[PDB]
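> here is the sequence, then the experimental structure:
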Amino acid sequence: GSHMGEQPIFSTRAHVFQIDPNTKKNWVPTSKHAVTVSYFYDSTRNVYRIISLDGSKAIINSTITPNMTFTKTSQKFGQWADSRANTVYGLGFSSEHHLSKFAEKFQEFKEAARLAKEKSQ
């Protein structure tokens, strides 16, 4: 399974929040309004990733790794930390139901990546 295509694997609408520890360790928004996130899979690295474009510049560009863990900040708000980007990104949801789908599907991708790296080196 490789070279599937340039199309995304999954997408969803949610608010974009980027941590700003440079000035103050606290939650800080990046997008004034909710945006659509896109999922992609790298055949070379055999792992999934999350990329989101806001306007003319990308804001989210993390990779789903087997060592990452999803953290819930609210009933309808989820976030995660990316070592590669050395930051924390969070997606706000209007309903806990939407958040549940996001978190559950996120874990599913994580398990897939783990199996892929296990079989490969």
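Structure received. Residues are numbered from 1 along each chain as shown.
> CA only for contacts and neighbour counts going forward, please
Fine.
> centre-most residue in this protein?
Ranked by distance to the mean C-alpha position of the chain (CA atoms, centre = their mean), the top residue is residue 50 at 4.4 Å.
> just to be sure, that residue is in a helix?
No. Counting by DSSP: H, G, I helix; E, B strand; the rest coil, residue 50 is located in no helix; its state is strand.
> so where does the closest residue to it other than its chain neighbours fall, helix or strand?
Nearest residue to residue 50, sequence neighbours excluded (CA to CA, 6 or more residues apart in numbering): residue 39, at 4.7 Å. Using DSSP states H and E, residue 39 falls within strand 35-42.
> what do you get for residue 103?
Element membership for residue 103, per DSSP H and E: helix 96-119.
> could you give the angle of that helix to strand 35-42?
10 degrees (axes from the mean of the first three to the mean of the last three CA atoms, to 10 degrees).
> thanks again, I'm all set now.
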